[PDB]
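Notes for the one structure printed next.
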Amino acid sequence: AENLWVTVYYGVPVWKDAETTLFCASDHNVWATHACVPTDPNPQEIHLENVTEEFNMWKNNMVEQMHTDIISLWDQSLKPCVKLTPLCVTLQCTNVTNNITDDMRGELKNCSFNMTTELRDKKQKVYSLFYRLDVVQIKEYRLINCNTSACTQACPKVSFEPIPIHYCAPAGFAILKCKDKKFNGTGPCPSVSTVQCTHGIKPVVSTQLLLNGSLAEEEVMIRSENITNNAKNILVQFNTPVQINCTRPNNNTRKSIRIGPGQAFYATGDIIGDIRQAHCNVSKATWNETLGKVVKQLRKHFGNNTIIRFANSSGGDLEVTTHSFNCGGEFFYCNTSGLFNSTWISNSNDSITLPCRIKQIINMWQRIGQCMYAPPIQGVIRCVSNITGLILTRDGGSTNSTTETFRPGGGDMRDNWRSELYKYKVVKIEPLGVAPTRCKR
Amino acid sequence: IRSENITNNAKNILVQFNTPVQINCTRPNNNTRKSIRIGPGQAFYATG
Amino acid sequence: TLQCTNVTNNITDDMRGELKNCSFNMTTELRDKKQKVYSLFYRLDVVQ
Ligand SMILES: *[C@@H]1O[C@H](CO)[C@@H](O[C@@H]2O[C@H](CO)[C@@H](O[C@@H]3O[C@H](CO)[C@@H](O)[C@H](O[C@H]4O[C@H](CO)[C@@H](O)[C@H](O)[C@@H]4O[C@H]4O[C@H](CO)[C@@H](O)[C@H](O)[C@@H]4O)[C@@H]3O)[C@H](O)[C@H]2NC(C)=O)[C@H](O)[C@H]1NC(C)=O
Ligand SMILES: *[C@@H]1O[C@H](CO)[C@@H](O[C@@H]2O[C@H](CO)[C@@H](O)[C@H](O)[C@H]2NC(C)=O)[C@H](O)[C@H]1NC(C)=O
Ligand SMILES: *[C@@H]1O[C@H](CO)[C@@H](O[C@@H]2O[C@H](CO)[C@@H](O)[C@H](O)[C@H]2NC(C)=O)[C@H](O)[C@H]1NC(C)=O
Ligand SMILES: *[C@@H]1O[C@H](CO)[C@@H](O[C@@H]2O[C@H](CO)[C@@H](O)[C@H](O)[C@H]2NC(C)=O)[C@H](O)[C@H]1NC(C)=O
Ligand SMILES: *[C@@H]1O[C@H](CO)[C@@H](O[C@@H]2O[C@H](CO)[C@@H](O)[C@H](O)[C@H]2NC(C)=O)[C@H](O)[C@H]1NC(C)=O
Ligand SMILES: *[C@@H]1O[C@H](CO)[C@@H](O[C@@H]2O[C@H](CO)[C@@H](O)[C@H](O)[C@H]2NC(C)=O)[C@H](O)[C@H]1NC(C)=O
Ligand SMILES: *[C@@H]1O[C@H](CO)[C@@H](O[C@@H]2O[C@H](CO)[C@@H](O)[C@H](O)[C@H]2NC(C)=O)[C@H](O)[C@H]1NC(C)=O
Ligand SMILES: *[C@@H]1O[C@H](CO)[C@@H](O[C@@H]2O[C@H](CO)[C@@H](O)[C@H](O)[C@H]2NC(C)=O)[C@H](O)[C@H]1NC(C)=O
Ligand SMILES: *[C@@H]1O[C@H](CO)[C@@H](O[C@@H]2O[C@H](CO)[C@@H](O)[C@H](O)[C@H]2NC(C)=O)[C@H](O)[C@H]1NC(C)=O
Ligand SMILES: *[C@@H]1O[C@H](CO)[C@@H](O[C@@H]2O[C@H](CO)[C@@H](O)[C@H](O)[C@H]2NC(C)=O)[C@H](O)[C@H]1NC(C)=O
Ligand SMILES: *[C@@H]1O[C@H](CO)[C@@H](O)[C@H](O)[C@H]1NC(C)=O
Ligand SMILES: *[C@@H]1O[C@H](CO)[C@@H](O)[C@H](O)[C@H]1NC(C)=O
Ligand SMILES: *[C@@H]1O[C@H](CO)[C@@H](O)[C@H](O)[C@H]1NC(C)=O
Ligand SMILES: *[C@@H]1O[C@H](CO)[C@@H](O)[C@H](O)[C@H]1NC(C)=O
Ligand SMILES: *[C@@H]1O[C@H](CO)[C@@H](O)[C@H](O)[C@H]1NC(C)=O
Ligand SMILES: *[C@@H]1O[C@H](CO)[C@@H](O)[C@H](O)[C@H]1NC(C)=O
Ligand SMILES: *[C@@H]1O[C@H](CO)[C@@H](O)[C@H](O)[C@H]1NC(C)=O
Ligand SMILES: *[C@@H]1O[C@H](CO)[C@@H](O)[C@H](O)[C@H]1NC(C)=O
Ligand SMILES: *[C@@H]1O[C@H](CO)[C@@H](O)[C@H](O)[C@H]1NC(C)=O
Ligand SMILES: *[C@@H]1O[C@H](CO)[C@@H](O)[C@H](O)[C@H]1NC(C)=O
């Protein structure tokens, strides 16, 4: 005695987890914003009441899409640049000993070599100042990348500065944002909203320290796909940024050598004045209190009476064993030994100085056979950044001892994107629905 | 037997079998491949 | 330019001059260096 019939409803607010291709939006640069949709002056956020959604930062396809887009943009920006195939020549290198400190012992090589000119039948004897990490002995030396692939000198006019990027979904798709503070990136989120696209995310390439990122608005956040598994990288998000001041104080000189028709190689001529190591400075008290916050947050996961130890990176490439980043076109690799060096037991104005080594030959992503040569930057360089998080790895894990050791980690830039896209997911709207109603056609 | 125009000798005749004929093709030389670095990240594979 | 000789070691009567042992100069990873190498080419692949 029901006499119910099918009734079709179009425009129903129902969605399903889906993977699609988000497009860029933003307000010469490597991150090509000239192909991005203009961002709306007043973006609209729809706050969904009574909606609880399942989120998982460690299986988000947005991270993979961002990784692919960033790699593609990096490749695109380098295509219309000079290829330094002639640079693979025998180098007559001597030690740069004019006005050097004891920490720059043999770190710079004054290398003279023959080079091609615009005329095919003429050669020019030139010289350049290379870094010890960029050359390898065969007094005779050759560039490190010569036995793997030819390097592409980045065009100098293109800037490496991160620019915020918004990832907006196509029609029929929505971006659900988890507004729940204290959210650890996985599980039900009861405070949900719909956004045309996220906040402006800057693609900051850094290892062992998340830089110029977002800050937790409540407290330090510890996130891990499986915290009990030591193989999983722990993402730490700060609530108070730690100011870091990184400088190369050498007054570098950039000379230009015509290596062919319309092709210029930018060499380091001579350093004006004293030569001393590039470095970074981090406030000691701020770092200590941030580490205390991280320790008391980790105690929730690893017990209240455990010993929390911070030590050096285990080993590997220079990219991962050191805080690797870019500061105004020059690629720094900083020995973060004064930061993660302490033990914590449950119970003024100086700063930690991290020495840094500069590199010109760069393999940014974990790829072999695709290298980039950074042209030298004219003059001293200084840059100030916010440390907003960490990429830690837990050492050991056996139950014999009651101490937990965390070491800096990185290498894979997907984690860097994951720390910004943790509170976002993509869904596809299913407007069609069928329901029972007493109405009959 | 198939042909666009069988009477025209210029047209190729396509013959399709019903019983395949097994053919065994071999190069019995124990060739040695060596690699010569001809440039940065470029290898030429020669017969040693 | 290839300096080619006849491959005559342990060859049959049906392989008379079918393989050429050719030595030549070649580029290396370093632009200012050359390497003397050799390879076994086929008679159909080289011309005097
Ligand atoms: C985190 O964010 C902070 C703040 O945004 C970042 O710190 C800023 O970093 C930028 C870039 O390093 C820096 O801007 C530079 O300031 C210099 C001093 O004023 C300028 O000289 C420099 O301009 C040159 O470079 C630009 C490209 O980078 C060119 O567009 C410009 O024309 C200049 O280029 C000329 O001069 C150079 C040098 O002589 C020469 O080689 C060229 O051929 C050309 O002749 C930049 O504008 C900010 O000053 C920094 N701000 C602060 C507060 O520190 C920090 O880097 C971010 N962290 C990370 C990891 O990204
Ligand atoms: C690197 O080497 C070059 C050449 O070996 C040096 O250039 C010479 O500088 C002196 C001055 O001290 C001049 O008298 C010479 O004529 C220069 N030679 C050439 C070919 O330019 C250069 O000074 C060295 N730089 C460093 C930092 O050691
Ligand atoms: C640039 O090329 C010249 C010429 O090839 C080099 O000078 C030669 O050096 C070799 C030793 O390696 C000598 O046997 C030759 O007699 C030299 N010839 C001349 C004309 O000088 C020179 O050494 C090269 N420079 C660099 C930096 O590699
Ligand atoms: C480093 O962190 C400080 C503090 O979080 C940032 O200063 C804030 O900048 C925003 C601009 O978007 C302002 O709205 C806030 O009022 C500022 N707060 C304070 C306390 O100054 C600073 O911009 C950050 N710098 C970088 C490079 O990320
Ligand atoms: C990092 O800190 C060091 C000190 O630990 C700074 O070195 C001082 O720099 C000032 C320049 O303003 C000089 O006047 C002092 O003589 C230096 N002292 C020492 C002991 O080196 C360094 O300048 C700081 N660098 C940055 C980028 O902040
Ligand atoms: C972390 O600290 C340890 C020691 O405190 C460093 O080990 C040193 O490594 C250098 C280079 O291999 C050696 O010359 C020293 O003798 C080592 N010291 C000791 C006490 O063994 C380790 O290199 C540091 N980690 C990083 C990434 O720099
Ligand atoms: C990072 O810094 C630490 C601290 O200076 C380095 O460890 C030092 O290594 C030297 C070897 O040149 C030893 O003489 C010191 O005794 C070590 N000090 C300590 C406290 O262990 C470490 O080698 C640096 N990392 C790299 C890769 O050089
Ligand atoms: C093709 O046929 C010839 C003979 O018709 C084969 O030559 C024989 O190969 C076997 C190897 O199993 C030897 O034991 C004989 O001594 C060979 N006899 C002669 C006269 O050559 C040849 O192996 C066959 N090849 C293939 C690929 O089937
Ligand atoms: C092709 O020619 C090369 C060189 O002309 C031969 O290599 C030589 O082999 C002999 C052994 O019989 C060695 O003593 C020489 O030192 C080798 N020379 C070089 C430059 O490698 C090679 O054996 C020849 N191969 C054939 C099939 O004829
Ligand atoms: C590789 O190059 C060298 C040098 O160009 C060649 O040796 C020369 O051969 C010519 C004859 O063609 C002589 O006139 C020269 O005197 C030789 N010079 C030297 C330094 O040996 C050699 O023949 C080349 N090899 C091949 C296989 O072509
Ligand atoms: C250059 O200096 C380094 C370290 O001081 C030393 O190992 C090397 O032998 C020196 N090379 C010279 C003097 O050619
Ligand atoms: C290039 O040379 C370095 C040191 O000379 C070596 O470690 C590396 O394995 C070499 N790479 C290749 C592809 O030969
Ligand atoms: C923190 O992550 C764990 C991982 O399983 C999850 O069970 C828990 O619900 C998360 N925290 C909150 C407050 O949801
Ligand atoms: C986490 O990793 C441990 C091994 O270290 C494993 O026993 C456990 O089942 C994992 N947990 C999940 C939820 O996968
Ligand atoms: C670097 O050297 C140039 C040329 O002598 C000079 O004009 C400039 O002021 C110097 N800069 C610094 C920071 O010493
Ligand atoms: C970094 O530089 C700023 C000035 O730009 C200064 O106020 C701050 O104290 C410095 N911090 C450190 C740790 O050197
Ligand atoms: C690490 O801390 C210890 C104090 O236990 C100190 O002796 C050592 O010099 C520190 N090392 C660095 C690189 O700061
Ligand atoms: C086939 O070829 C013959 C010879 O050229 C010609 O006479 C005949 O018309 C052709 N048949 C057809 C269907 O075109
Ligand atoms: C070819 O030569 C290699 C090296 O001498 C040997 O290991 C292999 O067994 C040989 N193969 C044949 C089919 O003779
Ligand atoms: C190599 O052999 C072929 C055929 O046997 C012959 O025509 C040619 O003249 C020979 N070349 C030599 C011996 O240089």
Side-chain angles (χ1 to χ4, degrees), chain A residues 181-186 206-211 213-245 279-316 320-323 334-355 385-411 415-416 419 422:
Chain A
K181 302 172 199 200
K182 316 266 192 176
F183 179 56
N184 67 0
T186 304
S206 72
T207 63
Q208 308 192 338
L209 299 173
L210 297 160
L211 298 175
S214 290
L215 296 149
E217 51 263 27
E218 280 286 333
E219 244 301 299
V220 168
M221 287 283 345
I222 310 302
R223 289 175 194 122
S224 187
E225 191 168 17
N226 179 8
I227 183 89
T228 61
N229 190 7
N230 61 354
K232 300 288 169 203
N233 292 333
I234 298 155
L235 268 50
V236 183
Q237 180 170 25
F238 298 164
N239 57 274
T240 280
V242 190
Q243 201 175 33
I244 180 160
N245 294 349
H279 60 272
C280 296
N281 284 340
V282 166
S283 189
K284 209 200 293 275
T286 310
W287 189 245
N288 194 63
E289 77 188 6
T290 308
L291 285 187
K293 292 168 180 153
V294 171
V295 164
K296 64 173 95 158
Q297 289 293 306
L298 289 160
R299 278 199 209 287
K300 295 183 192 186
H301 296 300
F302 301 108
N304 221 336
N305 280 7
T306 190
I307 298 172
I308 302 296
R309 166 158 85 117
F310 295 104
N312 278 349
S313 187
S314 49
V320 303
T321 57
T322 57
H323 169 47
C334 296
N335 182 8
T336 46
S337 291
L339 295 190
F340 312 98
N341 175 41
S342 46
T343 309
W344 302 77
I345 310 298
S346 198
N347 65 339
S348 294
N349 203 246
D350 56 355
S351 46
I352 305 163
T353 312
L354 322 170
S385 306
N386 286 344
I387 311 170
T388 63
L390 314 166
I391 305 168
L392 303 177
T393 73
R394 199 167 98 269
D395 201 29
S398 188
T399 53
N400 308 134
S401 68
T402 54
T403 206
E404 294 295 342
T405 291
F406 304 89
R407 313 179 170 274
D415 287 314
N416 284 55
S419 82
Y422 71 99

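Excluded from the calculations below are hydrogen atoms, water molecules and symmetry mates; all remaining heavy atoms, backbone and side chain alike, are included. Each chain gets a letter, A, B and so on, in the order its sequence line appears, and its residues count up from 1.
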Original post:
Does the pair A/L210 and A/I391 meet the rule for a side chain to side chain contact (heavy atoms under 4.5 Å, CB included), with working shown?
Top reply: CA-CA 8 Å; A/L210 297 160; A/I391 305 168; 4.2 Å; yes

Original post:
Out of curiosity, A/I222 CD1 to A/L390 CG, how far, rounded to the nearest 0.5 Å?
Top reply: 8.0 Å

Subject >> A/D415 CG to A/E225 CD distance, which is reported to the nearest 0.5 Å >> reply: 9.5 Å

Original post:
Measuring from A/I352:CD1 to A/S337:OG, what's the distance to the nearest 0.5 Å?
Top reply: 11.0 Å

Original post:
Distance-only, no hydrogens or angles: does the A/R223 side chain make a donor-acceptor pair with backbone N or O of A/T186 under 3.5 Å?
Top reply: no

Subject >> Gap separating the CG atom of A/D350 from the NZ atom of A/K284, nearest 0.5 angstrom >> reply: 4.0 Å

Original post:
Does the side chain of A/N184 reach to within under 4.5 Å of the side chain of A/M221, using non-hydrogen atoms?
Top reply: yes

Original post:
Looking at A/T240, A/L215, A/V236, which hits side-chain contact (heavy atoms from CB on, under 4.5 Å) with A/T388?
Top reply: A/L215

Original post:
Between the side chain of A/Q208 and the main-chain N/O of A/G410, is any donor-acceptor distance below 3.5 Å?
Top reply: no

Original post:
For the atom pair CD1 (A/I244) and CG (A/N281), what is the distance rounded to the nearest 0.5 Å?
Top reply: 8.5 Å

Original post:
Ignoring hydrogens and geometry, is there a side-chain-to-backbone donor-acceptor pair from A/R407 to A/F340 under 3.5 Å?
Top reply: no

Subject >> Residues A/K182, A/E218: salt bridge by 4.0 Å N-O rule >> reply: yes

Original post:
Tell me, which pairs form a side chain to side chain donor-acceptor pair (under 3.5 Å) where one or both residues lie in residues 298-310 of chain A, sequence neighbours left out?
Top reply: A/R309-A/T405

Original post:
Taking only residues two or more places apart in sequence or in another chain, which ones pass side-chain hydrogen bond (donor to acceptor under 3.5 Å, both in side chains) with A/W287?
Top reply: none

**OP:** Answer yes or no: is there a donor N or O on one side and an acceptor on the other, between the side chain of A/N239 and the main chain of A/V220, under 3.5 Å?
**Re:** yes

**OP:** Write down the atom of A/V320, the atom of A/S313, and the distance for their closest heavy-atom approach.
**Re:** O-OG, 4.1 Å

**OP:** List the atom of A/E289, the atom of A/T286, and the distance in Å for their closest heavy-atom pair.
**Re:** CG-O, 3.3 Å

Subject >> Donor-acceptor pair, side chain of A/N416 and main chain of A/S206, under 3.5 angstrom >> reply: yes

Subject >> Partner of A/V242 by side-chain contact (heavy atoms from CB on, under 4.5 Å), out of A/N386, A/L209, A/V282, A/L339 >> reply: A/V282

Original post:
Quick one: CD on A/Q243 to OG on A/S283, what's the gap to the nearest 0.5 Å?
Top reply: 8.5 Å

**OP:** Locate the shortest heavy-atom distance separating A/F238 from A/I387; write the atom from each residue and the value.
**Re:** CD1-O, 3.2 Å

Original post:
Which atom names give the shortest non-hydrogen contact between A/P408 and A/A311, and what distance separates them?
Top reply: CD-O, 3.4 Å

Original post:
How are the rings of A/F406 and A/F310 set to each other: parallel, tilted or perpendicular (split at 30° and 60°)?
Top reply: tilted

Subject >> Test side chain to side chain contact (heavy atoms under 4.5 Å, CB included) applied to A/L354 and A/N335, step by step >> reply: CA-CA 6 Å; A/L354 322 170; A/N335 182 8; 5.8 Å; no

